[PDB]
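Notes follow once the structure below has been shown.
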Amino acid sequence: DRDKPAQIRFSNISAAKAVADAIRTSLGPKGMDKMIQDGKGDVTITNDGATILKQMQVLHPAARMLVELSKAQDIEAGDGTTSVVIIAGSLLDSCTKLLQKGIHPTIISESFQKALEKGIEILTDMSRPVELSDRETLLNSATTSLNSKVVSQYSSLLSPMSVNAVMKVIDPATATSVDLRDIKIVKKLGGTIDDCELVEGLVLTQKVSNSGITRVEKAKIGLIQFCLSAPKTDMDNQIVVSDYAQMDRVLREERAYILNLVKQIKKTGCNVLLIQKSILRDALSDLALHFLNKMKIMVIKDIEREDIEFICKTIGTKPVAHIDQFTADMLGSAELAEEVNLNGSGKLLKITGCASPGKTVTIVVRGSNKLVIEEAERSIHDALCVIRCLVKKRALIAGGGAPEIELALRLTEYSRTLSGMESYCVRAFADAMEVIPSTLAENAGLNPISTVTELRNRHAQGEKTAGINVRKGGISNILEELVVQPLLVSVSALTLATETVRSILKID
Amino acid sequence: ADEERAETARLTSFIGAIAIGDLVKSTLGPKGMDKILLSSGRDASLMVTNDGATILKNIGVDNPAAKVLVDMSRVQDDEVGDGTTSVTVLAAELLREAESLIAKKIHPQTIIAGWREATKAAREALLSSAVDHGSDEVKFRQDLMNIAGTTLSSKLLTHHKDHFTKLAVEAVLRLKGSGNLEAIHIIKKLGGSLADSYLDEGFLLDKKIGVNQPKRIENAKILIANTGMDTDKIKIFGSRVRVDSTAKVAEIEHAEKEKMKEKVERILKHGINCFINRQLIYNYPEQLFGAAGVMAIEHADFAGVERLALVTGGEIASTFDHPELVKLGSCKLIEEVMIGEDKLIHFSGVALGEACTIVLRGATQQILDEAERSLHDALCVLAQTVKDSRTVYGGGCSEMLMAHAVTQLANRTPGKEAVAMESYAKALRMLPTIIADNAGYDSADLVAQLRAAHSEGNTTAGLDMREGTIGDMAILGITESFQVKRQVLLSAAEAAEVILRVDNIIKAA
Amino acid sequence: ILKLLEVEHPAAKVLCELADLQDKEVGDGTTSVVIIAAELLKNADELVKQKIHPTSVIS
Amino acid sequence: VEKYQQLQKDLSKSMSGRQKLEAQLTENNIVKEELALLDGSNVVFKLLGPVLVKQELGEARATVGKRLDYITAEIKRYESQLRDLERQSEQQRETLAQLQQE
């Protein structure tokens, strides 16, 4: 019998909401900051309850699906990560009614997967198609969501910078989802938010040039993945040294083989060299690097291992491990490589363009100090994601909790007109839909029960003539005062919870 | 030591094996339920499975009746392929039926002797459901696409199943009378999507060699070898290792350049255009290979080289024990085709028409490993289908059939033994209750509806579980393999009686 | 004296930040800002106990 | 516990050859004071074992300049060797002491 896994399910259904019920307060731009008590004990004022899930959580398998639920919303959208929490606990309320009714969870699973496919179809008709190749249409569509979000204090000047950034990788009108795996975020320690801009190719950190060039035209991007030293067990220079001759005879011979490997670099043609950390190897010999930099090659050193793997795929500098991999395809081809030392504190190397597949786009984040720099980082990336979610889903939907009240109004109607032993499941699926804007219409104030029934007063007759407007703090049409969102941040918040729900229904 | 008495052992066998049968009946069926994986040790990591074999691997089994089931779960896993979760619930369905007999008074040797005769009688009823499909090329083509949807959906792959469904049934079709797993080369590779997956007619190596070596070889002569260049193998040509001298290094430094020169002369005197080497090929013999037209492969697969000599008719060189007497392989076309993000070697037109290479293309490691394990479980059953091109009508339709035949024999025999045959025919009907619960329906309705079918003999139609409604058989998608159930009926009736044999359990740990 | 004392609650912790925020800027009204906010806490709580959104009172 | 002294002996053995370099380091700076005064007034040889081989002054300046650089290369690895062996053994002084107790 499934009676012992029956009790496991209701415990899992109850426990998944109980962590998610704190996010009901944290829902929306008028949502609540949630002060976190740490496992060692400390206060942490926190909003954006996906980050709360990453920070403080309990060890429960229904709760461990919740941190996975928001993480998928983080990587696919990055937005709607608070709303993706509230939809899943809303669906679990629908699950409790039907399991008490005596409906198999296999039935409740497949009914939700049908209604998910069915709801986004009707939601798409609610959406309006916007351009993805018109740069100006993308500008108006993005910043209205950016003014709809919390941070717009720096998103004003940083919206069109992101618009010009994505427009380079918008080659078709289809305009695929977006790789952020060519988008590099680069901090500059000084400078200004006004001086933040988009530098093509990739932007490097501190160079280490012994006698090397500063500005090389038509550079050759090289990679080094080999050591320049002796084996190490206790000492880098394994001598039992007490003598001047034994330290002279063996260490001049260490200079000998690194003479010949350095000459093979410049003869094959190299101007920019990618060197990882000397803890990612055993040692890197700077005297050979001095002789290398005396052969007029600009060199950076001490970069991360996986960060090179970002660089190799972005600018086409395919991995060079030895002398034999000195070729024309393993080496990238920059048009101009130089370092900018001025316009702000610090100094950052500029690979201004490279022979790159697609378009390698890099932003330089500036600011007074690190906290001011970190303000723009959320400001750019949220601006990057709202463009990213609109090029994934062509049409645009006005945001503000109203299309859920729209869609639940149709899905109750269609589930009656369709048929079903599972018709209750879809009609309970639609009853879960208006929970989330109701919990949003608590954070706006202005009683949500009185609120939510008067939006589908307008969604039934005029199909929308009033909305929930956090600008007004309540009843105002999201088409009257424009509150919009991409289509993806609503759909991706919707579909991941449905896939999560059908799993835990089938989970014993 | 703890000597478990029989009154205690029956309680332990009932809590031991049935709870395991509770888990595998959840993860049966594509519509069926799942199971959260809770690691028995510290830091329990969670996965969600539709496979009962992984549950036994994660969650440790130390129930002595259920530890017998782990051995039975392994046999249908490896030798049979599909049928792992099905054999383990079915023995539990037997043991539930034995409970009321044990509750009455009844000896288990009554219960064993009844189920032995009932198994062989239903086995002939299982042979009554044997229907050929190799009588037509088209019906055997229709036979392969039937079972390919069955095994893959049973072992957690249903989203991109149909792209693998078209490719796998083609390579099994070239086997033609002989079931082969050493002719079907199985290659997983990251890159592309699951619609980018590929079927090569012949053999494949994942070698990026470019234009330094010949990649276009027409009318090939294939030397299958393991002869290195710097390893200084058997049949010595110069110096050997020695001590107690300081000036003997000059004979060792010079002898390496002669051996690498001589092995180029050895390889060319075969007459080949392709030297396949398991070991690394040094740069100086490698550049001597591409100019003459000898293909050079370094870092070859340890199992791929041995499968290469079978499909091409060649032979391994046995680590240079055969310098010339090693036979050569021959194929039609050797072509470098970029499949996905990678440059691949396609040995096309090999000497075996049975020989093929499926090329799995997963976008990540999470989808690629789970695809091959389901696909390897499919091709083992499909190779058994090459020997016997037969089906039995799935969806519990054959389960309803054989339980009637036992019931007829239980209503002709019934001395002492066929009290168990009455409990036997219920446990066969207990399996379609699971699938109706996997589909999530009235199992008591659908069985008694299906019991009414095979009572007069409506055998050509059983329950299509996607709606749970009765539907067509003899190919539907749900009409299952003959080779699977004859193994599942064999093992489940076997070990459940063995559990009835062990009443004298003694725990000394 | 709050700088002399040590905090006990995070509720006690956040207000020691607030009076010091007043005290760094000016020396007047520094002990007064503590008393005003605590009066707000009892006033809004009864309304939240009554029927009122916490969002609505702080507006 | 043998693991306590073993990380110390591997550290202290490297220090003894490193302290050898520092007196050589000072005298490598002494000879550069003396090579700067020579411009052709006195030529230099090289004392290498049982053979005393002729040098030049520019040949001498590079010679002691290299040996100055090889000392500094062995200084920096010991700073890695110092912090690693003192931190690994510090973790070992807590865990391996509990092994002998129970």
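Residue numbers (the deposited numbering), protein chains in the order written: chain D, 26 to 533; chain B, 16 to 524; chain A, 61 to 119; chain 6, 13 to 114. Idealized CB from N, CA, C, for every residue including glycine.
Under 8 Å by Cβ, that's how I've got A359 (chain D) and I529 (chain D) pegged, so tell me the actual separation to the nearest angstrom.
No, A359 (chain D) and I529 (chain D) are not in contact; Cβ-Cβ is about 51 Å, not under 8 Å.
If you follow the beta strand (DSSP E) that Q301 (chain D) is part of, which residue opens it and which one closes it?
Start and end: 297 to 301.
Just how far apart, CA to CA, sit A386 (chain B) and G377 (chain B)?
8 Å
Once the 5 residues before and after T377 (chain D) are set aside, which same chain residues still bring their CB inside 8 Å of it?
In chain order, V224, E225, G226, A359, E360, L361, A362, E363 place their CB closer than 8 Å to the CB of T377 (chain D), counting only its own chain and leaving out the 5 sequence neighbours on each side.
Assign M446 (chain D) to one of two classes, buried (16 or more other C-beta atoms within 10 Å of its C-beta) or exposed (fewer than that).
exposed
Can you look up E222 (chain D) in the DSSP assignment and give me helix, strand or coil?
strand
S101 (chain 6): contacting residues in chain D (beta-carbon distance under 9 Å)
Correct list: empty, because the minimum Cβ distance to chain D is about 14 Å.
Inter-residue spacing [alpha-carbon to alpha-carbon] between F362 (chain B) and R527 (chain D):
45 Å
Please classify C379 (chain D): does DSSP put it in a helix, a strand, or coil?
strand
Find out if the Cβ-Cβ distance for the pair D215 (chain B), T372 (chain B) is shorter than 7 Å.
For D215 (chain B) and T372 (chain B), yes; Cβs fall inside 7 Å.
For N292 (chain B), which residues does DSSP report across the bridge?
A240 (chain B)
Does the distance from the CB of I74 (chain B) to the CB of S60 (chain B) come in under 7 Å?
no
Considering just the uninterrupted stretch of the beta strand (DSSP E) at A420 (chain D), what are its terminal residues?
420 to 422
Output, in chain order, the set of chain D residues within a Cβ distance shorter than 8 Å of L61 (chain B).
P86, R89
For the alpha helix (DSSP H) that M445 (chain B) lies in, which residues bound it at each end?
433 to 453
Distance cutoff 7 Å, beta carbons only. Does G341 (chain D) sit that close to anything in chain A?
no
Please classify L374 (chain D) as buried or exposed, where buried requires at least 16 other C-beta atoms within 10 Å of its C-beta.
Buried, because 16 or more other Cβ atoms sit within 10 Å of the Cβ of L374 (chain D).
List the residues of chain 6 that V110 (chain D) touches, going by C-beta distances under 9 Å, in chain order.
Close to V110 (chain D), with beta-carbon spacing below 9 Å, lies no residue of chain 6; the smallest spacing is near 40 Å.
Step through the CB atoms of chain D and report whether any lies within less than 7 Å of the CB of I312 (chain B).
Answer no: the Cβ-Cβ gap between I312 (chain B) and chain D never drops below 7 Å.
Can you say whether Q301 (chain D) is buried or exposed, counting buried as having 16 or more other CB atoms within 10 angstroms of its CB?
Around the beta carbon of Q301 (chain D), a 10 Å sphere encloses 16 or more other beta carbons of the protein chains shown; the residue is thus reported as buried.
Under the three-state reduction of DSSP, which class applies to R496 (chain D): helix, strand or coil?
coil
Using the C-alpha atoms, what's the distance from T474 (chain B) back to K46 (chain B)?
24 Å
Close beta carbons around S463 (chain D), own chain, < 6 Å, minus the five adjacent residues each side:
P473, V477
Where does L317 (chain D) sit, in a helix, a strand or coil, going by DSSP?
helix
Kindly indicate which three-state DSSP category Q289 (chain D) falls into: helix, strand or coil?
helix
Grab me the residues of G53 (chain D)'s own chain with a C-beta within less than 6 Å of its C-beta, minus the 5 sequence neighbours each way, in chain order.
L465, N468
For the beta strand (DSSP E) containing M323 (chain D), name the first residue and the last one.
323 to 328
Given that a residue counts as buried once 16 or more other Cβ atoms are within 10 Å of its Cβ, and exposed if not, what is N262 (chain D)?
It is buried - the Cβ of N262 (chain D) has at least 16 other Cβ atoms within 10 Å.
Is the beta carbon of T100 (chain B) less than 7 Å from the beta carbon of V39 (chain B)?
yes
Write down the C-beta distance between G371 (chain D) and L214 (chain D) rounded to the nearest angstrom, noting that I regard them as a contact closer than 8 Å.
4 Å
Among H129 (chain D), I77 (chain D), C120 (chain D), whose alpha-carbon lies nearest the alpha-carbon of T106 (chain D)?
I77 (chain D)
From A408 (chain D), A308 (chain D), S444 (chain D), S119 (chain D), residue whose alpha carbon lies closest to that of residue 2 (chain D)
The structure shown does not extend to residue 2 (chain D), since chain D is modelled only from 26 to 533, so the question has no answer here.
Could you give the distance in angstroms between the alpha-carbon of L390 (chain B) and the alpha-carbon of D211 (chain B)?
16 Å
According to DSSP, residues forming a beta bridge with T64 (chain B)
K50 (chain B)
Opposite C371 (chain B) in the DSSP bridges: which residues?
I199 (chain B)
For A332 (chain B), three-class secondary structure by DSSP:
Note: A332 (chain B) maps to coil in three-state DSSP.
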